[PDB]
>>> print(open('start-v2.tsv').read())   # TSV, C-alpha atoms
chain	number	residue	atom	x	y	z
A	619	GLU	CA	-65.62	-89.40	183.44
A	620	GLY	CA	-62.82	-86.91	182.77
A	621	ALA	CA	-63.36	-86.16	179.09
A	622	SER	CA	-60.18	-85.09	177.29
A	623	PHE	CA	-59.65	-85.29	173.51
A	624	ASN	CA	-55.85	-85.45	173.86
A	625	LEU	CA	-55.82	-85.65	170.07
A	626	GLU	CA	-52.78	-85.26	167.87
A	627	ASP	CA	-52.46	-81.51	167.25
A	628	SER	CA	-55.66	-80.81	169.18
A	629	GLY	CA	-54.45	-77.24	169.59
A	630	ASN	CA	-53.67	-77.15	165.89
A	631	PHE	CA	-57.12	-78.63	165.36
A	632	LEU	CA	-58.29	-75.59	167.34
A	633	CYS	CA	-56.39	-73.43	164.86
A	634	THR	CA	-58.43	-75.21	162.19
A	635	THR	CA	-61.58	-74.70	164.29
A	636	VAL	CA	-60.98	-70.95	164.52
A	637	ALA	CA	-60.56	-71.26	160.76
A	638	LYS	CA	-64.03	-72.83	160.77
A	639	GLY	CA	-65.32	-70.09	163.08
A	640	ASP	CA	-67.76	-72.36	164.96
A	641	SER	CA	-67.91	-70.70	168.37
A	642	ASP	CA	-70.34	-73.34	169.69
A	643	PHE	CA	-68.10	-76.18	168.50
A	644	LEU	CA	-65.19	-74.33	170.09
A	645	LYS	CA	-67.08	-73.80	173.36
A	646	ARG	CA	-67.82	-77.51	173.70
A	647	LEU	CA	-64.23	-78.41	172.78
A	648	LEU	CA	-62.71	-75.97	175.28
A	649	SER	CA	-65.17	-77.26	177.86
A	650	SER	CA	-63.38	-80.53	177.27
A	651	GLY	CA	-60.24	-78.36	177.22
A	652	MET	CA	-58.03	-80.39	174.89
A	653	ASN	CA	-55.44	-77.60	174.55
A	654	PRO	CA	-55.38	-73.86	175.38
A	655	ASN	CA	-53.29	-72.73	172.40
A	656	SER	CA	-50.86	-74.31	169.95
A	657	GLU	CA	-48.93	-72.92	167.00
A	658	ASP	CA	-50.11	-73.86	163.51
A	659	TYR	CA	-47.96	-74.46	160.40
A	660	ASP	CA	-47.88	-70.65	160.32
A	661	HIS	CA	-46.74	-70.94	163.96
A	662	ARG	CA	-49.95	-69.15	164.98
A	663	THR	CA	-51.87	-70.15	168.08
A	664	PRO	CA	-55.66	-70.29	167.63
A	665	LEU	CA	-55.69	-67.07	169.66
A	666	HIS	CA	-53.57	-65.52	166.90
A	667	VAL	CA	-56.11	-66.58	164.28
A	668	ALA	CA	-59.08	-65.33	166.30
A	669	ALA	CA	-57.40	-62.01	167.10
A	670	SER	CA	-56.39	-61.35	163.50
A	671	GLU	CA	-59.89	-62.38	162.38
A	672	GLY	CA	-61.48	-60.02	164.91
A	673	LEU	CA	-63.25	-62.99	166.52
A	674	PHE	CA	-63.39	-61.43	169.98
A	675	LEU	CA	-65.84	-64.00	171.34
A	676	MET	CA	-63.66	-66.93	170.27
A	677	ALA	CA	-60.50	-65.15	171.45
A	678	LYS	CA	-61.94	-64.32	174.89
A	679	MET	CA	-63.22	-67.89	175.15
A	680	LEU	CA	-59.75	-69.20	174.24
A	681	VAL	CA	-58.18	-66.91	176.84
A	682	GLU	CA	-60.58	-68.50	179.32
A	683	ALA	CA	-59.26	-71.85	178.12
A	684	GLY	CA	-55.72	-70.55	178.66
A	685	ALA	CA	-54.62	-69.30	175.25
A	686	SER	CA	-51.69	-67.05	176.11
A	687	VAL	CA	-51.24	-63.64	174.49
A	688	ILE	CA	-47.46	-63.59	174.96
A	689	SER	CA	-47.16	-66.35	172.35
A	690	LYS	CA	-45.98	-64.98	169.02
A	691	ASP	CA	-46.48	-66.26	165.48
A	692	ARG	CA	-43.79	-67.21	162.97
A	693	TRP	CA	-43.29	-63.49	162.28
A	694	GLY	CA	-42.98	-62.58	165.98
A	695	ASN	CA	-46.50	-61.17	166.32
A	696	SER	CA	-48.55	-61.86	169.45
A	697	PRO	CA	-52.35	-62.20	169.34
A	698	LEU	CA	-52.40	-58.74	170.91
A	699	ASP	CA	-50.53	-57.48	167.84
A	700	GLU	CA	-53.08	-59.12	165.53
A	701	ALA	CA	-55.96	-57.62	167.51
A	702	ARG	CA	-54.37	-54.16	167.40
A	703	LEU	CA	-53.98	-54.60	163.64
A	704	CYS	CA	-57.67	-55.52	163.42
A	705	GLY	CA	-58.74	-52.53	165.51
A	706	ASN	CA	-61.45	-54.30	167.54
A	707	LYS	CA	-61.86	-52.05	170.59
A	708	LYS	CA	-63.15	-54.80	172.88
A	709	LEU	CA	-60.62	-57.31	171.56
A	710	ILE	CA	-57.79	-54.75	171.66
A	711	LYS	CA	-58.59	-53.90	175.28
A	712	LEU	CA	-58.95	-57.57	176.25
A	713	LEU	CA	-55.64	-58.65	174.73
A	714	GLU	CA	-53.81	-55.51	175.90
A	715	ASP	CA	-54.85	-56.02	179.52
A	716	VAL	CA	-54.36	-59.79	179.48
A	717	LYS	CA	-50.93	-59.71	177.82
A	718	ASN	CA	-49.67	-56.82	179.94
A	719	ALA	CA	-50.74	-58.76	183.03
A	720	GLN	CA	-49.18	-61.94	181.60
A	721	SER	CA	-45.82	-60.19	181.21
A	722	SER	CA	-45.75	-60.04	185.01
B	619	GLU	CA	-64.66	-92.26	137.17
B	620	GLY	CA	-63.98	-88.54	137.51
B	621	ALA	CA	-64.28	-88.73	141.30
B	622	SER	CA	-63.03	-85.42	142.68
B	623	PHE	CA	-61.99	-84.43	146.19
B	624	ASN	CA	-65.08	-82.33	146.98
B	625	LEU	CA	-63.40	-81.76	150.34
B	626	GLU	CA	-64.18	-78.80	152.58
B	627	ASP	CA	-61.46	-76.14	152.90
B	628	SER	CA	-59.22	-77.65	150.24
B	629	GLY	CA	-56.72	-74.84	150.79
B	630	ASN	CA	-56.41	-75.30	154.54
B	631	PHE	CA	-56.21	-79.08	154.19
B	632	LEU	CA	-53.47	-78.64	151.60
B	633	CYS	CA	-51.57	-76.37	153.99
B	634	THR	CA	-51.90	-79.09	156.64
B	635	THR	CA	-50.78	-81.84	154.24
B	636	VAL	CA	-47.73	-79.84	153.16
B	637	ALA	CA	-47.04	-79.28	156.86
B	638	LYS	CA	-46.93	-83.07	157.24
B	639	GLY	CA	-44.46	-83.20	154.35
B	640	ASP	CA	-45.28	-86.40	152.44
B	641	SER	CA	-44.00	-85.62	148.94
B	642	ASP	CA	-45.27	-88.84	147.36
B	643	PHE	CA	-48.64	-88.55	149.12
B	644	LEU	CA	-49.09	-85.01	147.83
B	645	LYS	CA	-48.03	-86.45	144.47
B	646	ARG	CA	-50.83	-89.03	144.74
B	647	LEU	CA	-53.27	-86.22	145.55
B	648	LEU	CA	-51.97	-84.55	142.38
B	649	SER	CA	-52.56	-87.78	140.47
B	650	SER	CA	-56.13	-87.15	141.55
B	651	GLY	CA	-55.51	-83.56	140.39
B	652	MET	CA	-55.18	-81.89	143.77
B	653	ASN	CA	-56.25	-78.24	144.20
B	654	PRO	CA	-53.50	-76.15	142.54
B	655	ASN	CA	-54.37	-72.81	144.15
B	656	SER	CA	-54.96	-73.25	147.88
B	657	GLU	CA	-55.13	-71.12	151.03
B	658	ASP	CA	-55.89	-71.39	154.76
B	659	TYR	CA	-57.71	-68.93	157.04
B	660	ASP	CA	-54.61	-66.72	157.23
B	661	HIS	CA	-54.71	-66.63	153.39
B	662	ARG	CA	-51.45	-68.61	153.58
B	663	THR	CA	-51.08	-70.96	150.64
B	664	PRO	CA	-49.45	-74.37	151.12
B	665	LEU	CA	-46.93	-72.68	148.86
B	666	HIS	CA	-46.64	-70.07	151.62
B	667	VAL	CA	-46.01	-72.75	154.25
B	668	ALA	CA	-43.56	-74.64	152.04
B	669	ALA	CA	-41.59	-71.52	151.13
B	670	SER	CA	-41.50	-70.06	154.64
B	671	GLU	CA	-40.34	-73.48	155.86
B	672	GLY	CA	-38.11	-73.93	152.81
B	673	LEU	CA	-39.82	-77.13	151.62
B	674	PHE	CA	-38.43	-76.69	148.12
B	675	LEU	CA	-39.44	-80.16	146.87
B	676	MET	CA	-43.04	-79.98	148.08
B	677	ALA	CA	-43.35	-76.51	146.59
B	678	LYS	CA	-41.76	-77.88	143.41
B	679	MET	CA	-44.48	-80.48	142.85
B	680	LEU	CA	-47.22	-78.14	144.10
B	681	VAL	CA	-46.19	-75.46	141.58
B	682	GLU	CA	-46.05	-78.21	138.94
B	683	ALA	CA	-49.74	-78.70	139.75
B	684	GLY	CA	-50.26	-75.12	138.55
B	685	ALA	CA	-50.10	-73.29	141.88
B	686	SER	CA	-50.32	-69.50	141.76
B	687	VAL	CA	-47.15	-67.96	143.19
B	688	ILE	CA	-48.12	-64.29	142.76
B	689	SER	CA	-50.95	-64.93	145.24
B	690	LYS	CA	-50.17	-63.43	148.65
B	691	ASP	CA	-51.31	-64.08	152.22
B	692	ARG	CA	-52.80	-62.11	155.11
B	693	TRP	CA	-49.39	-60.46	155.56
B	694	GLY	CA	-49.21	-59.56	151.86
B	695	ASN	CA	-46.20	-61.79	151.17
B	696	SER	CA	-46.37	-64.27	148.30
B	697	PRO	CA	-44.79	-67.72	148.71
B	698	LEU	CA	-41.94	-66.24	146.69
B	699	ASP	CA	-41.77	-63.41	149.23
B	700	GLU	CA	-41.99	-65.86	152.14
B	701	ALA	CA	-39.08	-67.85	150.69
B	702	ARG	CA	-37.17	-64.58	150.26
B	703	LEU	CA	-37.76	-63.97	153.97
B	704	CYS	CA	-36.49	-67.50	154.64
B	705	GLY	CA	-33.75	-67.12	152.00
B	706	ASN	CA	-34.27	-70.46	150.23
B	707	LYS	CA	-32.22	-69.63	147.13
B	708	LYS	CA	-33.38	-72.74	145.26
B	709	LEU	CA	-37.02	-72.25	146.25
B	710	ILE	CA	-36.76	-68.54	145.41
B	711	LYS	CA	-35.27	-69.64	142.07
B	712	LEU	CA	-38.16	-71.95	141.17
B	713	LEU	CA	-40.85	-69.57	142.41
B	714	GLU	CA	-39.24	-66.62	140.60
B	715	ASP	CA	-39.02	-68.53	137.31
B	716	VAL	CA	-42.66	-69.60	137.54
B	717	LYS	CA	-43.62	-66.03	138.51
B	718	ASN	CA	-41.80	-64.55	135.51
B	719	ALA	CA	-43.87	-67.04	133.53
B	720	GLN	CA	-47.00	-65.88	135.38
B	721	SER	CA	-46.30	-62.13	135.50
C	619	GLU	CA	-38.25	-112.17	158.70
C	620	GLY	CA	-35.20	-109.95	159.28
C	621	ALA	CA	-34.97	-108.33	155.85
C	622	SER	CA	-31.65	-106.59	155.17
C	623	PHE	CA	-31.07	-104.28	152.21
C	624	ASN	CA	-27.69	-105.80	151.24
C	625	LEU	CA	-27.34	-103.40	148.32
C	626	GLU	CA	-24.00	-102.47	146.78
C	627	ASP	CA	-22.78	-98.88	147.20
C	628	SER	CA	-25.52	-98.24	149.75
C	629	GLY	CA	-24.09	-94.84	150.66
C	630	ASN	CA	-23.79	-93.88	146.99
C	631	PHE	CA	-27.35	-95.03	146.31
C	632	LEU	CA	-28.56	-93.01	149.30
C	633	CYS	CA	-26.73	-89.89	148.09
C	634	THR	CA	-28.30	-90.36	144.66
C	635	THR	CA	-31.71	-90.75	146.33
C	636	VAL	CA	-31.10	-87.51	148.22
C	637	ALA	CA	-30.44	-86.07	144.76
C	638	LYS	CA	-33.84	-87.48	143.76
C	639	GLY	CA	-35.24	-85.58	146.74
C	640	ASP	CA	-38.10	-88.06	147.26
C	641	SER	CA	-38.52	-87.71	151.02
C	642	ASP	CA	-41.06	-90.54	151.26
C	643	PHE	CA	-38.84	-92.95	149.30
C	644	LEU	CA	-35.90	-92.29	151.63
C	645	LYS	CA	-38.11	-92.42	154.72
C	646	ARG	CA	-39.30	-95.89	153.73
C	647	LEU	CA	-35.79	-96.94	152.66
C	648	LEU	CA	-33.97	-96.04	155.87
C	649	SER	CA	-36.94	-97.18	157.97
C	650	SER	CA	-36.71	-100.57	156.24
C	651	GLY	CA	-33.38	-101.07	158.03
C	652	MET	CA	-30.95	-99.31	155.69
C	653	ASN	CA	-28.17	-97.28	157.31
C	654	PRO	CA	-27.45	-93.82	155.84
C	655	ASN	CA	-24.15	-93.65	157.74
C	656	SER	CA	-22.51	-95.13	154.64
C	657	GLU	CA	-20.84	-92.47	152.50
C	658	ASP	CA	-20.28	-92.30	148.73
C	659	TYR	CA	-17.08	-92.48	146.68
C	660	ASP	CA	-16.61	-88.80	147.58
C	661	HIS	CA	-17.01	-89.84	151.25
C	662	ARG	CA	-20.05	-87.54	151.37
C	663	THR	CA	-22.85	-88.94	153.49
C	664	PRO	CA	-26.39	-88.49	152.21
C	665	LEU	CA	-26.55	-86.21	155.25
C	666	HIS	CA	-23.67	-84.27	153.67
C	667	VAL	CA	-25.60	-83.88	150.41
C	668	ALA	CA	-28.82	-82.94	152.23
C	669	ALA	CA	-27.06	-80.34	154.38
C	670	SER	CA	-25.27	-78.82	151.38
C	671	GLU	CA	-28.64	-78.75	149.61
C	672	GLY	CA	-30.24	-77.37	152.79
C	673	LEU	CA	-32.78	-80.21	152.80
C	674	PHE	CA	-33.83	-79.76	156.42
C	675	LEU	CA	-36.79	-82.15	156.30
C	676	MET	CA	-34.72	-84.69	154.36
C	677	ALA	CA	-31.71	-84.27	156.65
C	678	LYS	CA	-33.98	-84.62	159.70
C	679	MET	CA	-35.24	-87.96	158.39
C	680	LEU	CA	-31.59	-88.76	157.68
C	681	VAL	CA	-30.42	-87.94	161.22
C	682	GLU	CA	-33.29	-89.85	162.83
C	683	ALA	CA	-32.16	-92.85	160.78
C	684	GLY	CA	-28.62	-92.39	162.07
C	685	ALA	CA	-26.60	-90.51	159.45
C	686	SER	CA	-23.47	-89.28	161.20
C	687	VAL	CA	-23.14	-85.54	161.81
C	688	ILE	CA	-19.48	-85.72	162.85
C	689	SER	CA	-18.40	-87.86	159.89
C	690	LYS	CA	-16.28	-85.94	157.38
C	691	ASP	CA	-16.48	-85.93	153.58
C	692	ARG	CA	-13.67	-86.47	151.07
C	693	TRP	CA	-12.58	-82.85	151.60
C	694	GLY	CA	-12.78	-83.28	155.37
C	695	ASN	CA	-16.12	-81.49	155.87
C	696	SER	CA	-18.91	-82.60	158.17
C	697	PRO	CA	-22.61	-82.30	157.34
C	698	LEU	CA	-22.43	-79.42	159.81
C	699	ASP	CA	-19.87	-77.80	157.51
C	700	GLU	CA	-22.23	-78.43	154.59
C	701	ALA	CA	-25.06	-76.75	156.54
C	702	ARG	CA	-22.84	-73.74	157.26
C	703	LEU	CA	-21.96	-73.54	153.56
C	704	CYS	CA	-25.66	-73.70	152.69
C	705	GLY	CA	-26.59	-70.94	155.14
C	706	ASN	CA	-29.46	-72.84	156.78
C	707	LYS	CA	-29.23	-71.60	160.37
C	708	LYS	CA	-31.75	-74.08	161.84
C	709	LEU	CA	-29.97	-76.98	160.16
C	710	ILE	CA	-26.76	-75.68	161.75
C	711	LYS	CA	-28.46	-75.62	165.16
C	712	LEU	CA	-29.72	-79.21	165.09
C	713	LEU	CA	-26.44	-80.46	163.63
C	714	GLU	CA	-24.58	-78.70	166.47
C	715	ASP	CA	-26.96	-80.19	169.05
C	716	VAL	CA	-26.35	-83.65	167.57
C	717	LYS	CA	-22.57	-83.17	167.54
C	718	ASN	CA	-22.74	-82.22	171.23
C	719	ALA	CA	-24.92	-85.24	171.97
C	720	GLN	CA	-22.69	-87.53	169.89
>>> encode(input="start-v2.tsv", output="structure tokens")
Amino acid sequence: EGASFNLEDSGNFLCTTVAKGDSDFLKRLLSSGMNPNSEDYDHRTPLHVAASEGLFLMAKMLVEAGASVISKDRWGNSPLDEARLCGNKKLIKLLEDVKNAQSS
Amino acid sequence: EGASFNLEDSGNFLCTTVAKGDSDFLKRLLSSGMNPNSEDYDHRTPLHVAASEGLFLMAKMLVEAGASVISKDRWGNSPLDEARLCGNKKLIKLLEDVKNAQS
Amino acid sequence: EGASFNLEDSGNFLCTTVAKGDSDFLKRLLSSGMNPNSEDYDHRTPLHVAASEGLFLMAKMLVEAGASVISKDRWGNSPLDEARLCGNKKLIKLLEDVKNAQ
């Protein structure tokens, strides 16, 4: 029927969901695809939160939803920067390649 | 009756509520004794959000609730430090006074 | 029923309420029909006081109500001038956007 949350701050609710860490909840949400990424009160997209948290599965799944890596938090840090800070090889490679491609 | 909040992620919900910016509604939460020390997934206190955004009044009441200002976030900046980054002289003033009390 | 505030020294009361800093009280006040365009005896709008105090959330409520950004104070200073004195860059930006719109 064309399911779409379209909730108030649904992307910010995804920031709160990455705070929850429920990858299944997130997968079903992003299957409904309410929002790819949206800045939180810290101006951090849910991709920022996942990348800083090292949640590579959630971050890759958000990138599949459309969470951009060129977005930067309140302190001008992209999710790629957070992933590089974390040091997650798979997540670092994913965000490096995706953001470098996104620049073009 | 002693009914408490018992609400999941009190810190993150407080960050969200301060983000809304309803000073009297936060005050009503405080009349229910709302969680003084709070933090979201980025370890950012609602004090952090208020100070980075310069919400001096919200931070004023929240600190009145007994909120820890020396507490820092994922970035290692306290709400005092976040206000210093934002340069809210009045908010820096209040947070510094309460910190000198706390230190 | 068409309630109107009809309260003496409305601008002065609004400046004093900005001094109170109760954002919810002012939100409900100016959303109940009161106009914050009115200034005080010092011709300072409540927007003037908010901008000098750097009360961005409070001044944003104020502007949405209709508090003039190009109105001057007793000393001939706009709320934009008050924002520049405060040092709040973002407040300066929205006040400049409003002056251009107005």
>>> interface_residues(input="start-v2.tsv", of="chain C", to="chain B", cutoff="10 Å", atoms="all atoms listed in the file", output="list in words")
residues 638, 639, 640, 641, 642, 643, 645, 671, 672, 673, 674, 675, 676, 704, 705 and 706 of chain C
>>> closest_residue(input="start-v2.tsv", among="B:670, B:624, B:649, B:696", to="chain A", atoms="all atoms listed in the file")
B:670
>>> residues_around(input="start-v2.tsv", residues="residue 659 of chain A", least_positions_apart="2", cutoff="8 Å", atoms="all atoms listed in the file", output="list in words")
residues 657, 661 and 662 of chain A; 633, 634, 637 and 667 of chain B
>>> residues_around(input="start-v2.tsv", residues="residue 665 of chain B", least_positions_apart="3", cutoff="10 Å", atoms="all atoms listed in the file", output="JSON, numbers by chain")
{"B": [632, 633, 636, 654, 655, 656, 657, 662, 668, 669, 670, 671, 672, 673, 674, 676, 677, 678, 680, 681, 685, 686, 687, 689, 690, 696, 697, 698, 700, 701, 713]}
>>> residues_around(input="start-v2.tsv", residues="segment 633-649 of chain A", least_positions_apart="4", cutoff="12 Å", atoms="all atoms listed in the file", output="number ranges by chain")
A: 620-625, 627-629, 653-685; B: 626-627, 629-631, 633-634, 657-662
>>> closest_residue(input="start-v2.tsv", among="C:653, C:696, C:663, C:630", to="residue 683 of chain C", atoms="all atoms listed in the file")
C:653
>>> closest_residue(input="start-v2.tsv", among="B:711, B:692, B:702, B:717", to="chain A", atoms="all atoms listed in the file")
B:692
>>> residues_around(input="start-v2.tsv", residues="segment 622-625 of chain C", least_positions_apart="2", cutoff="8 Å", atoms="all atoms listed in the file", output="list in words")
residues 620, 627, 628, 650, 651 and 652 of chain C
>>> atom_distance(input="start-v2.tsv", atom1="atom CA of residue 709 of chain C", atom2="atom CA of residue 669 of chain C")
7.3 Å
>>> closest_residue(input="start-v2.tsv", among="A:652, A:619, A:695, A:687", to="chain B", atoms="all atoms listed in the file")
A:695
>>> closest_residue(input="start-v2.tsv", among="A:626, A:688, A:697, A:703", to="residue 720 of chain A", atoms="only C-alpha atoms")
A:688
>>> closest_residue(input="start-v2.tsv", among="A:692, A:632, A:702, A:710", to="chain B", atoms="all atoms listed in the file")
A:692
>>> residues_around(input="start-v2.tsv", residues="residue 714 of chain A", least_positions_apart="5", cutoff="9 Å", atoms="all atoms listed in the file", output="PDB file with C-alpha atoms, keeping the file's coordinate frame")
ATOM      1  CA  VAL A 687     -51.240 -63.640 174.490  1.00  0.00           C
ATOM      2  CA  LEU A 698     -52.400 -58.740 170.910  1.00  0.00           C
ATOM      3  CA  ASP A 699     -50.530 -57.480 167.840  1.00  0.00           C
ATOM      4  CA  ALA A 701     -55.960 -57.620 167.510  1.00  0.00           C
ATOM      5  CA  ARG A 702     -54.370 -54.160 167.400  1.00  0.00           C
ATOM      6  CA  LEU A 709     -60.620 -57.310 171.560  1.00  0.00           C
ATOM      7  CA  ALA A 719     -50.740 -58.760 183.030  1.00  0.00           C
TER       8      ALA A 719
END
>>> atom_distance(input="start-v2.tsv", atom1="atom CA of residue 722 of chain A", atom2="atom CA of residue 630 of chain A")
26.9 Å
>>> decode(input="start-v2.tsv", residues="segment 626-678 of chain A", atoms="C-alpha atoms", output="mmCIF file, in the first residue's frame")
data_model
loop_
_atom_site.group_PDB
_atom_site.id
_atom_site.type_symbol
_atom_site.label_atom_id
_atom_site.label_comp_id
_atom_site.auth_asym_id
_atom_site.auth_seq_id
_atom_site.Cartn_x
_atom_site.Cartn_y
_atom_site.Cartn_z
ATOM 1 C CA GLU A 626 8.058 14.135 12.640
ATOM 2 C CA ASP A 627 11.851 13.809 12.894
ATOM 3 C CA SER A 628 11.746 10.263 11.529
ATOM 4 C CA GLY A 629 15.412 10.673 10.629
ATOM 5 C CA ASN A 630 16.038 12.014 14.116
ATOM 6 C CA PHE A 631 14.035 9.043 15.366
ATOM 7 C CA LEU A 632 16.584 7.002 13.407
ATOM 8 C CA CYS A 633 19.305 8.820 15.330
ATOM 9 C CA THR A 634 17.489 7.630 18.455
ATOM 10 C CA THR A 635 17.196 4.142 16.917
ATOM 11 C CA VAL A 636 20.947 3.952 16.300
ATOM 12 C CA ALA A 637 21.126 5.031 19.932
ATOM 13 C CA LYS A 638 18.967 1.975 20.667
ATOM 14 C CA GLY A 639 21.161 -0.181 18.423
ATOM 15 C CA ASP A 640 18.300 -2.399 17.194
ATOM 16 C CA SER A 641 19.527 -3.430 13.752
ATOM 17 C CA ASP A 642 16.363 -5.472 13.096
ATOM 18 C CA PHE A 643 14.117 -2.558 14.073
ATOM 19 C CA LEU A 644 16.276 -0.368 11.850
ATOM 20 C CA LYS A 645 16.092 -2.830 8.950
ATOM 21 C CA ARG A 646 12.296 -2.878 9.027
ATOM 22 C CA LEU A 647 12.165 0.925 9.359
ATOM 23 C CA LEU A 648 14.543 1.514 6.443
ATOM 24 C CA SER A 649 12.559 -1.039 4.454
ATOM 25 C CA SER A 650 9.746 1.436 4.960
ATOM 26 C CA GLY A 651 12.444 4.050 4.282
ATOM 27 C CA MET A 652 11.111 6.960 6.319
ATOM 28 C CA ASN A 653 14.335 8.980 5.977
ATOM 29 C CA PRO A 654 17.910 8.173 4.859
ATOM 30 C CA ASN A 655 19.714 10.454 7.319
ATOM 31 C CA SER A 656 18.876 13.509 9.410
ATOM 32 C CA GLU A 657 20.902 15.588 11.842
ATOM 33 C CA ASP A 658 20.162 15.195 15.556
ATOM 34 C CA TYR A 659 20.302 17.896 18.264
ATOM 35 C CA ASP A 660 24.047 17.239 18.037
ATOM 36 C CA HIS A 661 23.564 17.807 14.278
ATOM 37 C CA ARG A 662 24.629 14.192 13.724
ATOM 38 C CA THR A 663 22.969 12.022 11.105
ATOM 39 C CA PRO A 664 22.201 8.459 12.240
ATOM 40 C CA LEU A 665 25.121 7.474 10.010
ATOM 41 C CA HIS A 666 27.320 9.673 12.210
ATOM 42 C CA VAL A 667 26.116 7.841 15.324
ATOM 43 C CA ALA A 668 26.579 4.398 13.774
ATOM 44 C CA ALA A 669 30.046 5.244 12.431
ATOM 45 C CA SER A 670 31.268 6.674 15.738
ATOM 46 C CA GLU A 671 29.757 3.678 17.542
ATOM 47 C CA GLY A 672 31.499 1.269 15.166
ATOM 48 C CA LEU A 673 28.103 -0.132 14.132
ATOM 49 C CA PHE A 674 29.221 -1.129 10.649
ATOM 50 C CA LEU A 675 26.116 -3.212 9.946
ATOM 51 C CA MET A 676 23.766 -0.362 10.833
ATOM 52 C CA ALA A 677 25.938 2.159 8.970
ATOM 53 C CA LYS A 678 26.120 0.045 5.795
#
